[PDB]
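Following: one structure in C-alpha cells, then a few remarks.
Proteins come first, then strands; the chains are lettered A, B, ... in the order of their sequence lines, and each starts at number 1.
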Amino acid sequence: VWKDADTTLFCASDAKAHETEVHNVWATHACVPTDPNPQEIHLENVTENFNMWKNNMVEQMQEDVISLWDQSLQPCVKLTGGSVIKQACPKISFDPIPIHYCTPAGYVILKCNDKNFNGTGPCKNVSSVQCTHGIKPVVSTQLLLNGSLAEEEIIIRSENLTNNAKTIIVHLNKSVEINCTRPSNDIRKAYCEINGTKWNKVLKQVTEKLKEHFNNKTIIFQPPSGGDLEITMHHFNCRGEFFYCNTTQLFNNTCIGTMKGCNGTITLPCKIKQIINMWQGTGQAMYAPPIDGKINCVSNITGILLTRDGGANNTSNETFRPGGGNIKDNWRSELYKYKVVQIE
Amino acid sequence: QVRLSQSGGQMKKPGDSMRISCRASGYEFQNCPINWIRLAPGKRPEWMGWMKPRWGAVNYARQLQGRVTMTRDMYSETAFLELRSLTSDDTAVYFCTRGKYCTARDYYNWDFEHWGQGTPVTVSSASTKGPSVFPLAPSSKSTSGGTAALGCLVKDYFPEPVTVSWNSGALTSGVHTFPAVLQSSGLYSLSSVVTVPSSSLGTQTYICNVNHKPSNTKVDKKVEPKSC
Amino acid sequence: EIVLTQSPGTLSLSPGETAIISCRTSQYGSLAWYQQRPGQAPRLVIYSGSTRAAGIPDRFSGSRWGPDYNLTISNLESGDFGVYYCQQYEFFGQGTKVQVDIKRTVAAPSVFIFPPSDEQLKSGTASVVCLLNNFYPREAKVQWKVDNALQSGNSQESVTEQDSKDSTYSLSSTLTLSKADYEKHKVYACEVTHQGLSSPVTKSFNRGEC
Ligand SMILES: *[C@@H]1O[C@H](CO)[C@@H](O)[C@H](O)[C@H]1NC(C)=O
Ligand SMILES: *[C@@H]1O[C@H](CO)[C@@H](O)[C@H](O)[C@H]1NC(C)=O
Ligand SMILES: *[C@@H]1O[C@H](CO)[C@@H](O)[C@H](O)[C@H]1NC(C)=O
Ligand SMILES: *[C@@H]1O[C@H](CO)[C@@H](O)[C@H](O)[C@H]1NC(C)=O
Ligand SMILES: *[C@@H]1O[C@H](CO)[C@@H](O)[C@H](O)[C@H]1NC(C)=O
Ligand SMILES: *[C@@H]1O[C@H](CO)[C@@H](O)[C@H](O)[C@H]1NC(C)=O
Ligand SMILES: *[C@@H]1O[C@H](CO)[C@@H](O)[C@H](O)[C@H]1NC(C)=O
Ligand SMILES: *[C@@H]1O[C@H](CO)[C@@H](O)[C@H](O)[C@H]1NC(C)=O
Ligand SMILES: *[C@@H]1O[C@H](CO)[C@@H](O)[C@H](O)[C@H]1NC(C)=O
Ligand SMILES: *[C@@H]1O[C@H](CO)[C@@H](O)[C@H](O)[C@H]1NC(C)=O
C-alpha cells in the first residue's frame, strides 16, 4: 500500500567531469551518475489518478534550474530591487543536458503510460520507476523546444479549459525543426528558419484537435496582446546568447485553411539582446555583446504554449495567442506523467 | 492586509481616451493577476481583462479588443488601465480586483475578495438640449364626485436633470414626478402627474413648471381639459 | 461562453424577512455571490457555491439545485440591502436589487391613460402614457395592446420610491410610436394586473373620438 506524497528528490545525469559546459558542471556536483539498468514494473489491475498541474516535482526542478542559471549565467550588471550589482561576465559554454529526477528510499515514482493521457484524471496503465526520463531544462517562451513528443494523437493540456487564466499546453506528436542562426559579418540581428509545409500541417492538426475541445467552434490564432518582449516573442537561449524571435508568421490562419502560396520556408526575424528581463523572477540583466562567428541552434519544436481570449462575446469562434512566461509550465510538460508516492 | 487604491474620477467626451491607475499593497505584487471590472447601473458587471504583473501578460475581453490596454509598473506596484475611443456606453464605475486565493505557488483568479474603491468615469457630449413639454390632459367630462389625473410629459432633454413643480410650488398634494428614463435616441424623458378633484377642473388653473439648468430652460405649461 | 440568468430583478422586503436570490447557469463551475451597497465597492459574500467569505454571518447561505444556484439572506438587516450579483469566471448575472419596503394593507392602483397631445403629434411622434397611482405592494405588470395586439420593445416604465406618508408606489408606462404608426390604429389600451385587483384592469381610448 502507498499514498501520494512529496519529498526531497535527487537528480541523476551523464554529465562529463572534463566538460566546461555549464549544465555539465552543475550536474557534476548536484547529481549522481545514472543507472545502467533501470527497473520499470508495470502495475496490473491498478488505476491511479494524476494531476500535472499540482505536481510538486515541478517545484523542485524549478529551484534547480534557477540555481543552475544563477550560478552560471551571471550578468555584467544586475538591476534588481533598486540596487545595482556589477560582476564579471565571461562568455560561457551553454548546452542543456538531460536531467533525471529520482526518489530516495521509502518513495517511488508512479508513471502513467496511457497513450492519450491529457495530464489529469485516472490512468489505467501505470508503471513503477525510480527515476524519470532524461529531461533537458530548456528555458523558452511560446514554443517548447527539444522536449518529448506525445505517443499517439496531439494532446491538449490544461488545468481547466473553461478558465481563460489557465495556461494551455499543446503537446505535438510530430517534431518541427526550428533552425535559428546569427551569421558572421548589425551583429545583434538573427533569424530562424522553419519549413512552412511541415509546420502548417501540424498547425492544422492543432486547430482540429482544439475543435474537439471547443464544440467545433472556428479556431483562430492571433499575436500576443501585450507584455514584455520575453513573452510577446519567442524567447530562448542559444549558446549563451539570449534570442528574441518574432512569431507572427508562425501562426498564419491563411495557411491553415484558401490554402495556397505559403508552401515553403518561413523566416522569423530575431534579435540578440544584451539587456533582458530575467525569468528567475528579479529585474533586468546586462550581458556582453554576442560571440563572433556563426551562432546556430537547431531545435525540435515539440510543444506550444497558448492563452485563450476571454470575454462575454457571442461569436462561434475562439481566439488563441502564443503564451508562456511561467517556466514551471515547461517542466510540467515533461513531468506530467509522473507522481511521487510513499510506500506505507 | 491586501489593499487596492485607485485614481480619481473623470469626465470625458466621446472620442477621448482615458487612463486610470490601481496601486496594490500588502502582498507580493507579481504573484497574482489583476483584473478590471466595470459597473454601470442597469447593466451586468463587465470583466474587461486581466493583467499578470510578472511579465505584463494580458487577456482582454473579446468585445473590447483593440480598445483597451493594461500595463503595470513593478517598482510602484501599480496597474494601469487605458481605454480608447470612448462613447456613452463606456460610462461606468471602473474597478480593479484581485482573487482571494493567491500564494507564491498557486492562485485562483475569479473569487474577487479584493476591490479598489472604484473610479467613476462619465462620457458625454458637451451639448445640451432643452425639454419639449406636452400636456397630459385630464379627460373628457367633469365627473363631479370623483378625482381626475393630469400632468406634463417632459420629453427629449439632455443631460439630466429636470425638475418639475406645479403652480409654482403651491400645489404639492398628490403630485408624482417620476424618475427619468433614457430613450433609444440618447435623450431623456419623464412625466409629472397630479391628482385633483374633478370639480376643480373648470375653476382652478393647473400649470407645471419645468426647469432644466444645463440648457438654461424654464418652461411653464398650462394643462387644461381638451375641448370637444 | 457562460450564460448567467439571475432572478428576480428586484426584491422589495422589510427588515427581518428573508431574501431569496437565484442564478441559473448554462455551465457548472465555481459560482460566487457579491453584494454592492450604495456608493460602495462590491463585496464577496459567497464563493464556490456555498462557502462564506470572511466577515459574512451565517444568515447568508448558498445552495444549488441542478443548474440553479440560490443565495438566501435570512433576517434582513439594514446593511444587507443593495444589489447582489452572481458570478462564474469572467461572467456576471444581471443583478438583483434588494430594497427596503415598509409594510401596509393591499391597495389597488387607480389607472389612467393619456392619449398623445395634438402638440406632440405635430412633431411626428406619439407618446401614450399609462399611470398606475398609489398602489401596494410594488409588484405590478403593465401590458400595452394596440388593436388587441400585444406590444413589445416600444414602451418604457418608471416607478416612484415608496411614499413616506401612505407607503404606496406609483408607476408610469410610456408607449412611443411614430405619428404614422399611431394613425394606423384605433384602439390603444393598457392593461394592469395587480394583487389589489380581482381581475386585470384595462384602460383604453379610441383615436380621434373624444
Ligand atoms: C503499458 O505501458 C507500457 C509502457 O509505456 C507500454 O509499453 C504497454 O504497451 C502498455 N500496455 C497497455 C495495455 O496499455
Ligand atoms: C482530461 O481527462 C479528464 C478525465 O476524463 C477530464 O475530466 C478532463 O476534462 C480532461 N481535460 C482536458 C483538457 O481534456
Ligand atoms: C498526430 O495526431 C493527429 C490527431 O491529433 C493525427 O491525425 C496524426 O496522424 C498524428 N500524427 C502522427 C501519429 O504521426
Ligand atoms: C528531434 O526530433 C528527432 C525526430 O523527431 C529526434 O530523432 C531527435 O533526437 C530530436 N532531438 C533531440 C531530442 O534533441
Ligand atoms: C540552418 O540554416 C543555416 C543558414 O540558413 C544553414 O546553413 C544550415 O544548413 C541550416 N541547418 C540545417 C540543419 O538545416
Ligand atoms: C518541407 O518538408 C517537406 C516534407 O514535409 C519536403 O518535401 C519539402 O522539400 C520541404 N521544403 C523545403 C523548402 O525544404
Ligand atoms: C512582428 O512582426 C510583425 C511583422 O508584420 C509586426 O507587425 C509586429 O509588430 C512584430 N511584433 C513585435 C512584438 O515586434
Ligand atoms: C500568410 O500567408 C500568406 C500567403 O502565403 C501571406 O500573404 C501572408 O503575408 C502570411 N501572413 C503573415 C506573414 O503574417
Ligand atoms: C536542442 O538540442 C540540440 C542538440 O540536440 C542543440 O544543438 C540545440 O541548441 C538545442 N536547442 C536549445 C534551444 O537548447
Ligand atoms: C475546473 O474548475 C472547477 C471549478 O471551476 C473544478 O471543480 C474542477 O475540479 C476543475 N478541474 C480540474 C481538472 O482541476
If I measure from the heavy atoms of chain B, does [X] come under 4.5 Å with its side chain, its backbone, both, or neither?
X	result
C:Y89	both
C:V159	backbone
C:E209	neither
C:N133	side chain
C:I113	neither

For [Y], does its backbone N or O pair with a side-chain atom of [X] as donor and acceptor, under 3.5 Å?
X	Y	result
C:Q87	B:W110	yes
C:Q156	B:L182	yes
C:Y47	B:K100	no

Examine whether an atom of [X] lies under 4.5 Å from a heavy atom of chain C, and if so say whether it belongs to the side chain, the backbone or both; otherwise answer neither.
X	value
B:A137	backbone
B:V133	backbone
B:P138	backbone
B:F112	both
B:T195	side chain

Under a 4.5 Å heavy-atom cutoff, which of [options] has the most pairs with chain B?
options	result
C:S48, C:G93, C:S30	C:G93
C:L4, C:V83, C:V129, C:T174	C:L4
C:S123, C:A41, C:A53	C:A41

Can you confirm whether more than 12 heavy atoms, excluding those of [X], are under 6.0 Å from its [atom1] atom?
X	atom1	value
C:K184	NZ	no
C:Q99	CD	yes
C:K103	NZ	yes
B:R62	CZ	yes

Open item on the list: So which atom in B:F134 and which in C:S117 form the shortest heavy-atom distance, rounded to 0.1 Å?
Closed with: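 What the structure gives for the nearest pair is CB-OG, 3.5 Å.
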
Task: Heavy-atom side-chain contact between B:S132 and C:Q120 under 4.5 Å - done: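 The answer is no; the side chains never approach within 4.5 Å.
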
Looking at chain C, which one of [options] has the largest number of heavy-atom pairs inside 4.5 Å, strictly under?
options	answer
B:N109, B:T177, B:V181, B:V93	B:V181
B:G118, B:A148, B:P179, B:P135	B:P179
B:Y108, B:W47, B:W50, B:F95	B:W47

Open item on the list: Assess the residue pair B:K155 and C:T176 against the criterion (side-chain contact (heavy atoms from CB on, under 4.5 Å)); give the C-alpha distance rounded to whole Å, side-chain angles, the decisive distance to 0.1 Å, and a yes or no.
Closed with: CA-CA 11 Å; B:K155 186 136 180 165; C:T176 69; 3.5 Å; yes

Distance check, rounded to the nearest 0.5 Å: [X] atom [atom1] versus [Y] atom [atom2]?
X	Y	atom1	atom2	result
B:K43	C:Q94	NZ	CD	13.5 Å
B:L136	C:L131	CG	CG	9.0 Å
C:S172	B:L153	OG	CG	8.0 Å
C:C86	B:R44	SG	CZ	8.0 Å

Task: Steps toward side-chain contact (heavy atoms from CB on, under 4.5 Å) verdict (C:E90, B:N35) - done: CA-CA 10 Å; C:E90 72 255 45; B:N35 301 258; over 6 Å; no

TODO: Taking atom types as modelled, find out whether B:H176 and C:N134 have a side-chain donor-acceptor pair closer than 3.5 angstrom.
DONE: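 Distance-only check passes for B:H176 and C:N134.
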
- [ ] Kindly assign one of parallel, tilted or perpendicular to the pair B:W115 and C:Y34, based on the angle between their ring planes and the thresholds 30° and 60°.
- [x]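 Rings of B:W115 and C:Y34: perpendicular, as their planes differ by over 60°.
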
TODO: Quick one: do C:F92 and B:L39 satisfy side-chain contact (heavy atoms from CB on, under 4.5 Å)? Show the steps, please.
DONE: CA-CA 11 Å; C:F92 292 79; B:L39 291 185; over 6 Å; no

